[PDB]
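One line per chain: the protein sequences are E and P, in this order.
For the first sequence, the working numbering gives the first residue as 10, with consecutive numbering after it.
For the second sequence, the working numbering gives the first residue as 10, with consecutive numbering after it.
By construction, the Cβ of each residue, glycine as well, lies at the ideal position given by its N, Cα and C atoms.
Below is one structure, written out as structure tokens; comments come after it.
There are 2 protein chains.
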Amino acid sequence: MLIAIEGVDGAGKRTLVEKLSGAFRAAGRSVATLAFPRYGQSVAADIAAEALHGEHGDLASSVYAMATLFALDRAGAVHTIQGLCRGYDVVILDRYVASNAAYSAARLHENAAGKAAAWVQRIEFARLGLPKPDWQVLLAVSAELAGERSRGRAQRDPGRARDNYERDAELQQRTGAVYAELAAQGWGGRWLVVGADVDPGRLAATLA
Amino acid sequence: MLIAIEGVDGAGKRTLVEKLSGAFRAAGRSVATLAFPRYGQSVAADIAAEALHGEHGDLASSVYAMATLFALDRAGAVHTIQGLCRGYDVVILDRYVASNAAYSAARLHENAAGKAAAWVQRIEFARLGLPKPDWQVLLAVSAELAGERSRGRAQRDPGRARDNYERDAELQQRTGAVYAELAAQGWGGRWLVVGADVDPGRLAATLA
Ligand SMILES: Cc1cn([C@H]2C[C@H](O)[C@@H](COP(=O)(O)OP(=O)(O)OP(=O)(O)O)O2)c(=O)[nH]c1=O
Ligand SMILES: Cc1cn([C@H]2C[C@H](O)[C@@H](COP(=O)(O)OP(=O)(O)OP(=O)(O)O)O2)c(=O)[nH]c1=O
Ligand SMILES: [Mg+2]
Ligand SMILES: [Mg+2]
């Protein structure tokens, strides 16, 4: 089974991935996790991050350029993903294709039924062959709280300064809204919307 | 030996590659040729071409986004290139790294000593590890004549309509000028500037 954890920056995704992995293992299931962007393993991913931190000229100013880099990263992970699926009972992805749809639409002030989301659907799932997730878990949190967590991380970790997307409060707000729409329409597969207080044990039961 | 043939659109590069390959073979040397962008073999290359023909939203509007796609294409060809070099006496590339430097600088109205060219140098040669060519042959031609050949191709071949760069006469002119500067400073390696009347036999002798 393939599960993707989605949400805005600072929503608490990384933590849910760890608590969820623990719950699945407590249930006797083998688990593997993979996070996107794959920093260090994908040139496209590294350039994307660097662009969001001020490098590479006008690259970051293009919504489709950034989306393409993230899609190229995932395109290079197809074999890895399929490999994990046949090797473990559960594979949890920290961000996946929906991240591209949500942020791209938000940067363009479009909704889930818009152009960017449709483009991501055509390119990543159909064209690049990325498998559709069995479940997509949206960790919905207030934009304010998520932003506070992003700011806090940067304050105590010099290696985690915020990037262009994280510093854009309005973008973060719009991204959360598109995410909610995507989940409501079951974009790319079945979704589950949870809060910060979700119980990892019951969540793993629903997913398993 | 690794040779790259450079020049603006419609300069006659593809033809020189064939005549040059023939000259080398007439001299008893084994030859292999590879053309960039690698359409069909690189997703990055295909998306780039599609963007120049009107697709993928605002992607083509970013100078660095386009340069990155072409660099990612070449990054995926490193093994192929090194393989050809150890398998054949001569490897001829139809366009290579300098194409990115020339067009990127021209789109930004910069010269060869500018930011974009320096960026291409840092990313493709040093960072991505693309080997520097032993020779870079600039097929210099008048912007007007080259443009006429581009228009002619589109007229007799529905599968070869011109793209955003080809329809930009001023860009083509500026690109030719940056190419001349690159050759003058030996950017990326030794250059040789030839005209449309160059003799393939003597050119192959100079290169071999
Ligand atoms: C994977 C993916 C991410 N993104 C966005 C979400 C974020 O705003 C931004 C960065 O990806 P993040 O996964 O947030 O990574 P990061 O670079 O912020 O790293 P860290 O967690 O160590 O601080 O890119 C997309 O727009 N599309 C995608 O397909
Ligand atoms: C390889 C490469 C090409 N280019 C530019 C040169 C051209 O204007 C454009 C297209 O590449 P071309 O090699 O011209 O290919 P094409 O798509 O025009 O195909 P055809 O010859 O079949 O008609 O991209 C770069 O800017 N950087 C690069 O690194
Ligand atoms: Mg982030
Ligand atoms: Mg062309």
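Look at residue 179/E here: in three-state DSSP terms it is helix. In the structure shown, residue 106/P adopts helical secondary structure according to DSSP, grouped into three states. Residue pairing by DSSP places residue 145/E opposite 13/E, 200/E in a beta bridge.
When rounded, the separation of the alpha-carbon atoms in residue 183/E and residue 49/P is 36 Å. The Cβ atoms of residue 14/P and residue 101/P sit closer than 8 Å to each other. Relative to ligand 3, the beta carbon of residue 15/E is positioned no closer than 7 Å to any heavy atom. With respect to the 8 Å criterion, residue 112/P and residue 73/P are not classified as neighbours on the basis of their beta carbons.
For residue 66/E, a Cβ of chain P is located within less than 8 Å of the residue's own Cβ. By the C-beta criterion, the region 85-102 of chain E is judged to be in contact with the region 125-142 of chain E, since at least 3 inter-stretch pairs fall below 8 Å. Going by DSSP, residue 40/P is part of no alpha helix (DSSP H) but of the beta strand (DSSP E) stretching over 40-44.
Against chain P, the beta carbon of residue 81/E has neighbours under 7 Å at 52, 53, 81, listed in chain order.
Residue 100/E is bridged by DSSP to 11/E, 41/E. Residue 60/P has its alpha-carbon roughly 15 Å from the corresponding atom of residue 169/P. Sequence-distant partners of residue 62/E (beyond 5 residues in either direction) whose C-beta falls short of 8 Å from its own C-beta, in its chain, are 170, 172, 173.
Among the residues of the region 84-115 of chain P, those with a Cβ less than 8 Å away from any Cβ of chain E are 84, in the order of the chain.
DSSP, read as helix, strand or coil, puts residue 153/P in helix. Within the same chain, no Cβ atom closer than 8 Å to the Cβ of residue 66/E is found once the five residues on either side in sequence are excluded.
Taking all protein chains in view, the Cβ of residue 124/E is surrounded by fewer than 16 other Cβ atoms within 10 Å, so the residue is classified as exposed. Residue 24/P does not reach chain E, its nearest Cβ partner there being about 32 Å away, counting only Cβ pairs nearer than 8 Å. Residue environment analysis places residue 194/P among the exposed positions, since fewer than 16 neighbouring C-beta atoms fall within 10 angstroms of its C-beta. Contact between the region 16-31 of chain P and the region 16-33 of chain E is not established, with fewer than three Cβ pairs separated by less than 8 Å.
Against chain E, a Cβ distance below 7 Å from residue 74/P picks out 68, 71, 74.
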